[PDB]
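Per the entry's author numbering: the sequence shown ends with 330, consecutive numbering throughout.
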Amino acid sequence: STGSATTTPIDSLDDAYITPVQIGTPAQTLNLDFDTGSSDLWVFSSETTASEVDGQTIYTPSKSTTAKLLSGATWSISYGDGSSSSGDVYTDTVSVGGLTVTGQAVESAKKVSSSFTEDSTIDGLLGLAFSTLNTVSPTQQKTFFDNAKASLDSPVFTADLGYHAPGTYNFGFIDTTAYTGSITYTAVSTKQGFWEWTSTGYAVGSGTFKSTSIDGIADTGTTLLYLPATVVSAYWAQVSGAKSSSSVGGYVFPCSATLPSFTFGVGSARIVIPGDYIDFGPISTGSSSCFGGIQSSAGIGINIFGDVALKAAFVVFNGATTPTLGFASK
Ligand SMILES: c1cc(CNc2ccc3c(c2)OCCO3)ccn1
Ligand SMILES: Cc1cc(C(=O)Nc2ccncc2)c(C)o1
Ligand SMILES: CNCc1ccc(Oc2cccnc2)o1
């Protein structure tokens, strides 16, 4: 089997991407944030505290003839940015782009933090990291990909995120029309539960490539590119007026600037992020200071190849017996 679904930016800055997902019988379609950095499929629901729902579409398990309470199971998750959610668990039929899993754990939110309530466009998350990170207790649950894998034509999914435009998540096949050149595959460590790999270096604009190993994770659920402070300083030093602002929480730059590109290495291959992908617009409405899309990972504890990086590439998440990651230009 295969599946193919379009993923769409939630706003004009590509702050996150939503993909329609069918849950239950008859189908209830919710727009979920596919997150290769976490491993829980959770949704706003008829159980979510009413004051914490503000425009989201909710899953109502009592209206699904295939929903079953997973008795005694609870979940609770906190993401790197301070947001969080928690609740109980159902199993139900879940379909993405024509690919169906029966008995998928659908984690129903009883509580969500304020930034989830504030994102009316995001009805929940669909985790695509390794199932060892799933938070369901006392019986840990598998991701949608993990459950689908044996039925797929090939044990893979691909992320093809757009810049200011829709893109695609495919399951079970590699669309050879969606990228240019060849796909370069690179080793993955699953020891922390992430799609963790080592980039071979970077360049800023037209500058010479610096060969240096940068461990990090491929994370579709993180907006920005978070890299070591040395790398980030070298980037922003090429932008007149750019500075790290403690009050804003990162590097800012004059909105009048045209930004240089940023290249990262994948083996001997190179992925080029155009400068415009690094512009996250005014720090507050009407400001002429703009927020940078490359930020320091110092204090995160891990480097994160988030949407800013991934949307410059066609990315293969290869879930073969030994997982690997593939990157192609597009
Ligand atoms: C990246 C972007 C966002 C939301 N967008 C956004 C845009 C500009 C900003 C911002 C946030 O926060 C800092 C000030 O400037 C949230 C998380 N990562
Ligand atoms: C500003 C913001 C970020 C998030 C958010 O969900 N973070 C996030 C970060 C990493 N992985 C998954 C999710 C929210 C609700 O608001
Ligand atoms: C959470 N409300 C503020 C807001 C609007 C857009 C964004 O940015 C997001 C949202 C979700 C995930 N990652 C980044 O934050």
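Just so it is clear, CB atoms sit at the ideal spot from N, CA and C, and this is done for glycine as well.
- For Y226, the shortest C-beta to heavy atom distance toward ligand 2 is 7 angstroms or greater.
- Under the DSSP definition of a beta bridge, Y235 lacks any partner.
- For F34, the pairing in a beta bridge is given by DSSP as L126.
- Annotation for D15 indicates a beta carbon within 7 angstroms of some heavy atom of ligand 1.
- Short note on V248: C-beta closer than 7 angstroms to some heavy atom of ligand 1.
- DSSP lists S244 as the beta-bridge partner residues of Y251.
- By the criterion of at least three beta-carbon pairs nearer than 8 angstroms, the segment 29-46 is in contact with the segment 4-21.
- The C-alpha of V231 lies about 14 angstroms from the C-alpha of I278.
- Taking 8 angstroms as the cut-off, the Cβ atoms of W195 and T186 do not count as close.
- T117 carries a helical assignment under DSSP once its states are collapsed to helix, strand and coil.
- Excluding its 5 nearest sequence neighbours in each direction, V188 has C-beta neighbours in its own chain below 7 angstroms: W195, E196, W197, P323, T324, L325, listed in chain order.
- Residues of the same chain with a CB within less than 6 angstroms of the CB of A5, apart from the 5 flanking positions on each side, are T19, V96, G97, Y169 in chain order.
- Counted as a single uninterrupted DSSP element, the stretch harbouring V156 is not any alpha helix (DSSP H) but the beta strand (DSSP E) occupying residues 156-160.
- When the beta-carbon positions are compared, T222 and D307 come within less than 8 angstroms of each other.
- Rounded to whole angstroms, the gap between the alpha carbons of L125 and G37 is 11 angstroms.
- Annotation for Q192: no residue places its beta carbon closer than 7 angstroms to its own, counting only its chain and skipping 5 residues before and after.
- Look at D88 here: in three-state DSSP terms it is strand.
- Ordered along the chain, residues surrounding ligand 2 are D35, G37, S38, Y79, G80, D81, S83, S115, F116, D119, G221, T222 [Cβ under 6 angstroms from any heavy atom].
- The Cβ atoms of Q56 and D15 do not sit closer than 8 angstroms to each other.
- Taking C-beta atoms as the reference points, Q295 and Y226 count as a pair closer than 8 angstroms.
- Under the three-state reduction of DSSP, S131 is assigned to helix.
- For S76, same chain residues with a beta-carbon under 7 angstroms away, outside a window of 5 residues either side, are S86, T135 in chain order.
- DSSP places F145 in no beta strand (DSSP E) but in the uninterrupted alpha helix (DSSP H) bounded by 144-148.
- The nearest non-hydrogen atom of ligand 3 is 7 angstroms or more from the C-beta of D175.
- For the set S244, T220, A27, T7, the Cα lying nearest the Cα of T102 is the one of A27.
- Leaving aside the five residues that flank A320 on each side, the residues in its chain whose CB is nearer than 8 angstroms to its CB run, in chain order, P155, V156.
- Here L310 carries a helix assignment [DSSP, helix/strand/coil].
- When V248, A159, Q238 are compared, the shortest CA-CA separation from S284 is found for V248.
- Residue state for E107 is assigned as strand, using DSSP reduced to three classes.
- For the options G82, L259, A309, the alpha carbon positioned closest to that of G205 is the one of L259.
- Counting only the Cα atoms, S233 lies some 10 angstroms from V239.
- Beta-bridge analysis with DSSP links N170 to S4, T158.
- Contact check for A109 and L70: beta-carbon distance about 15 angstroms, past the 8 angstroms limit, so the pair fails to qualify.
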